[PDB]
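Protein chains in written order, with the entry's author numbering: chain O, 3 to 60, 71 to 197; chain E, 26 to 195; chain e, 4 to 127; chain P, 3 to 65, 80 to 125, 141 to 161; chain x, 124 to 184; chain f, 3 to 108.
Even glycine gets a Cβ: it sits at the ideal position worked out from N, Cα and C.
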Amino acid sequence: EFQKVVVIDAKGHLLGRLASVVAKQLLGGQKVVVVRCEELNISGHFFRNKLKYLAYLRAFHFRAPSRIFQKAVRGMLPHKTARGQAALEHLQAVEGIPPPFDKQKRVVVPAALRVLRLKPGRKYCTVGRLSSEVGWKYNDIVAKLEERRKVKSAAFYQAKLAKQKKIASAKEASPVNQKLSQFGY
Amino acid sequence: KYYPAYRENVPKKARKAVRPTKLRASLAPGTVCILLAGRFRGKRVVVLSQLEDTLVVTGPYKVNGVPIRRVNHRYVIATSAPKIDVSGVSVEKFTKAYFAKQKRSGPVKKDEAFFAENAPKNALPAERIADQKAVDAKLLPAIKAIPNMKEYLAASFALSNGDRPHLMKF
Amino acid sequence: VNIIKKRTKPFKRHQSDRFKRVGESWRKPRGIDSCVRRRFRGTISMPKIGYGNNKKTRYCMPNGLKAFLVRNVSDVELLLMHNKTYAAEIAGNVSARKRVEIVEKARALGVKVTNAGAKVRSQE
Amino acid sequence: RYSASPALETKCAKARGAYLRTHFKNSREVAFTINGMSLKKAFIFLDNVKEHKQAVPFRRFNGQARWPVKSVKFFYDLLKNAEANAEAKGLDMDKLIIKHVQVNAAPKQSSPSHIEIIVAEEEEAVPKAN
Amino acid sequence: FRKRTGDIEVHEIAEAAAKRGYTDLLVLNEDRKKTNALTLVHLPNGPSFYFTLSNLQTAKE
Amino acid sequence: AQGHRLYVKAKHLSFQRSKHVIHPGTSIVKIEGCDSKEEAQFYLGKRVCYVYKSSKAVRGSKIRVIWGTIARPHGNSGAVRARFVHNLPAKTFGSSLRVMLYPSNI
RNA sequence: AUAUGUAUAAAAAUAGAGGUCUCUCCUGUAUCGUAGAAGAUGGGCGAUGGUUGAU
RNA sequence: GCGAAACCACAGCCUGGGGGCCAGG
RNA sequence: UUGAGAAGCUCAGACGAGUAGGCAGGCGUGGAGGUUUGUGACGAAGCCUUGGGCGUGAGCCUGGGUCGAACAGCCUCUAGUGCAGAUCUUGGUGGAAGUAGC
RNA sequence: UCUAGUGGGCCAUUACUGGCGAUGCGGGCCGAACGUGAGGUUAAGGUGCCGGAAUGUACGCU
RNA sequence: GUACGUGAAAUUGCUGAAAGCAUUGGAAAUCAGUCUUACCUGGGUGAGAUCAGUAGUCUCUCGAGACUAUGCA
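Structure (structure tokens):
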């Protein structure tokens, strides 16, 4: 099932797997937005990606986690062609969750999840912490904003669940739900 | 002008005999089929008889407003809905000539074709309406007795998100 | 039979686009290092006999007839027995006096004329 | 023939000069400058350029602005001729607009140029009666 | 404007339009995708004029 | 909800091609919900179309349709090969096609 | 100063979470909306409903 | 104001690998 | 059954890179003889053309515009007969450049 | 019987043998000898993305 | 219109539109051609000719063409 706009929570996803999934979607005409890019995970110890980046530091050197992921997708696209540049403009990778996107459903990619792809006990790095060490200086405020949004969203879920309780109780109250329940619904 | 004037390459005798068309198994008369193409796409229609190539089908005109029409067996979805009693209505009158279109004619003279105000309308004649009403009379008790038929046929078939036709069983 | 054409594009000469001094008529590339003569990828094609069209529908215009150039009225009367096989074409140097006489004769003969509306007007 | 007909004959005037002993490139830049102006404004502009007030910009042959005296002298007389041709043709002098001024090269004899100017009246739209 | 159809002739349209209350029939003659002539007949038997149009420009042009 | 739809959404993926040579005469189409070559056998022979806009009022409409047909499966992941009456433009990669349900056999 | 119903918002973990000592997860094949001359014209029964456009 | 001439396959961002080729910046 | 341009028509099967080099058939130009009861001031030739057509091609036919006096097909004859280049010859015209410069 | 053209060199395995040279095409030496096409199927090499094709299945090391 | 028959290309200006070698198609602009009026059958009305249980002339070789009368079964 495909639609025009998807929001992907990047927490617990591997950088390469998620970018490759994202890149294939973009070339298919699907507008993709990736949020919480600083919770992205990378296989290997912290120093390994750290020496990878400082080698890259030794071209514009960008430190933000959202633009770290954007570079990963960019190498997986035909950027030299008008088709690739069109696809890239369809991708909006952001850190944290902007308010326009926190009120919408967020899907996850099972083929890219770290839990389903990394053996337990394997060391893994986080893009947010790696970026914060190479020059990024906004993880304090991003983390603080995350708590406020998480608190507000948690209250919304409680309100949604409380409203759900009434209809859930009224479901079995009506005898129609049990009159012809043989249909499987 | 009768002795040929040209080489007249006569076609070699083709050995393509005409055999009766084997329709689908699920297109039995009386079944409810979803119309897929035409002006009445998405309508659910009861099959009356199996013509040589098409199916003579009609929706009960008081239900969905689908008159007596032919439809190709490739443009109908045969559903597993319970069949409607159609043995009570004569169908032998519905032949190829019955559904044919008015042969081109319009006897005209060379003063009214110019200043073209003579074209009549092709309004369906009375006996077509009478046959449709007679069919409705012979079909309505069959669909009324079994529940949900009247509302099912007055409905329309339409897909939505999450509906996968390759897995849905009609 | 239907008039099948294996190819519809002209076989432009190599580098005819680069230079105005180089015409677009086909010349075989006589060069010994010519990449295009070597039939690399993307190199423009060269006239081969395989593009030759069906002997049954060679010389046939899209309407299945063959052009038969005609200079006067006596020519269109030759096509009396071949009007399903040939189409008359009035030469460019035939005047408008004769063109009318050619077209009127050919009309009774049941012959298609490819350029019957040329050099003339209608009065009705 | 004149290269362009941007108006109707009753509402235009033309003047031309052939094999004028000047420079083709300087004339082209002056012609580009005064194209599209009005006859009153162009006359002011050419006098200003003459008396070191405004400079003719160079766009294609920049190699910027300059004050080509020989070129503007030719264009001043040609426009005076076109204005006079509008008098004899019974044209108004307030809507006169330089519609098509063109400079073409001449047989090398140097770089002489052919200059043609067509001045028309400002086209107007009458109100629709509705 | 009645589109000319069939085997009707200018001497037959004139009679037909005469009995239908028309008083002047204009026939725009074209061939080869250009309107080159215009014949008008004054109904029912009035003088008929034959013109050859030229420089035919439409409002877009 | 609104309904009135009798088609399955599909995407124009790319042309049939090798690594460096492309074939515009056959196109690769991904259908919604079809994820294996066993399920792709259902949609073979169906009529797929590309619908787009224009500027000229051809018979009083701004709509234009290029029809087609599904020919065979492609690969293992439910992609199919679609032949269109006119080869689809290369600019319509990732565009949205419409897989009608006719001709039907189920 | 001047686009084919475009539907679905908790957090964190996979060597545990949520809800009230007890229960659930093991994907959304789910949930909300889905009949109408592309959505016509009327009548009855039961609740104060549902969907909305404009203030 | 006057006014050339030589010259000109074609043109002009870097790195690596085999001034346009390949992969990147 | 009409399908002998017997140099015609018809059946079948195999095959298809190509430098040097060999063989064959064709396209084009100037002039010659014959021929087309050939074309032409109701427009020859030439030229222009995002008009159309034919041939694998060399090329040919044609519509429209321009033009104003001659031209062509077919069968043979003949040759000062086919160009992208020779730091080719002659003429014309560019970028350099309104630069260097006076 | 005649009658044209050539009697170079390079690469690789074991003086020999092939290959290059007069030879384009798929892959990046391997594969494959070429008329114009339609369809089917493959060789070599491949199926995360760029890139057509399993983010296949199973057994193991890092 | 003497810088004069025709007036090619290179080349230059202006205006208009678009954009910043091949394959395949889209968009825009343009273009080619495209048919209905005929076939058969029946009748009515007249027409004639190659028809006349019909008369003449000329040219060819009995009858073959071309005619001029007269009739219309």
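N-terminal and C-terminal residue of the beta strand (DSSP E) that residue i is part of
| i | result |
| --- | --- |
| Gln-180 (chain x) | Neither: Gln-180 (chain x) is in no beta strand (DSSP E) and is coded neither H nor E. |
| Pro-26 (chain f) | 24 to 33 |
| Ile-149 (chain P) | 144 to 152 |
| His-14 (chain f) | 9 to 19 |
| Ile-10 (chain O) | 7 to 11 |
| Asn-159 (chain x) | 158 to 165 |
| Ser-171 (chain x) | 171 to 174 |
| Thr-138 (chain O) | 136 to 138 |
| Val-103 (chain e) | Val-103 (chain e) -> not in any beta strand (DSSP E); alpha helix (DSSP H) instead, spanning 99 to 111. |
| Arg-95 (chain E) | 94 to 97 |
| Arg-18 (chain P) | 14 to 22 |
| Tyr-55 (chain O) | It is not in any beta strand (DSSP E) - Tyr-55 (chain O) instead sits in the alpha helix (DSSP H) that spans 48 to 59. |
| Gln-104 (chain O) | 103 to 105 |
| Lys-115 (chain P) | 112 to 121 |
Start-to-end residues for the alpha helix (DSSP H) that takes in residue i
| i | result |
| --- | --- |
| residue 64 (chain O) | There are no atomic positions for residue 64 (chain O) here, as chain O continues from 60 directly to 71. |
| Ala-98 (chain P) | 85 to 104 |
| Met-174 (chain E) | 174 to 179 |
| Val-79 (chain e) | 76 to 79 |
| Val-71 (chain E) | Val-71 (chain E) -> not in any alpha helix (DSSP H); beta strand (DSSP E) instead, spanning 69 to 75. |
| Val-133 (chain x) | 133 to 142 |
| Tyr-86 (chain E) | Element bounds for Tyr-86 (chain E): n/a, residue is neither H nor E. |
| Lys-158 (chain E) | 151 to 170 |
| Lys-27 (chain P) | 26 to 36 |
| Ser-78 (chain O) | 77 to 87 |
| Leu-100 (chain O) | 94 to 100 |
Exposure of residue i, with buried meaning 16 or more beta-carbon neighbours within 10 Å
| i | result |
| --- | --- |
| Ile-10 (chain O) | buried |
| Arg-30 (chain P) | buried |
| residue 1 (chain e) | Limits of chain e in this structure are 4 at one end and 127 at the other, which puts residue 1 (chain e) out of reach. |
| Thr-56 (chain E) | buried |
| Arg-19 (chain O) | buried |
| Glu-152 (chain P) | buried |
| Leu-17 (chain O) | buried |
| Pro-85 (chain E) | buried |
| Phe-91 (chain P) | buried |
Residues that residue i bridges to, as DSSP identifies them
| i | result |
| --- | --- |
| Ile-68 (chain f) | f:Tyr-52 |
| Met-102 (chain f) | f:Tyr-9 |
| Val-23 (chain O) | Looking at the DSSP assignment, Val-23 (chain O) forms no beta bridge with any residue, so it has no partner. |
| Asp-110 (chain E) | DSSP, once it has assigned bridges, lists no residue as partnering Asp-110 (chain E). |
| residue 21 (chain E) | Shown here, chain E extends from 26 to 195; a query on residue 21 (chain E) therefore has no answer. |
| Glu-153 (chain x) | x:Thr-158 |
| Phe-86 (chain f) | f:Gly-70 |
| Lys-33 (chain O) | O:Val-7 |
C-beta atoms of residue i and residue j nearer than 8 Å
| i | j | result |
| --- | --- | --- |
| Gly-5 (chain f) | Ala-183 (chain E) | yes |
| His-15 (chain O) | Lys-135 (chain O) | no |
| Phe-140 (chain E) | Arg-127 (chain x) | no |
| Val-101 (chain E) | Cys-58 (chain E) | yes |
| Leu-22 (chain P) | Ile-146 (chain P) | yes |
| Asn-51 (chain O) | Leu-128 (chain O) | no |
| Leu-165 (chain E) | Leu-103 (chain f) | no |
Residues of the region 129 to 155 of chain x in Cβ contact with chain e at a cutoff of 8 Å, in chain order, please. Within the region 129 to 155 of chain x, the residues whose Cβ lies closer than 8 Å to some Cβ of chain e are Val-133, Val-150, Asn-152, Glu-153, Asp-154, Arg-155, listed in chain order.
May I ask you to list, following chain order, the residues of the region 157 to 177 of chain x that have a beta carbon less than 9 Å from some beta carbon of chain e? Contact residues of the region 157 to 177 of chain x toward chain e are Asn-159, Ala-160, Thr-162, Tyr-173, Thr-175 (C-beta to C-beta distance below 9 Å).
Residues from the region 18 to 36 of chain f in contact with chain E, defined by Cβ distance under 8 Å: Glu-34, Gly-35, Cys-36
Going along the chain, which residues of the region 36 to 61 of chain E sit with their C-beta nearer than 8 Å to a C-beta in chain x? none
At a CB distance below 9 Å, what residues from the region 60 to 74 of chain f approach chain E? Give them in sequence order. Interface annotation for the region 60 to 74 of chain f against chain E: empty, criterion Cβ-Cβ distance under 9 Å.
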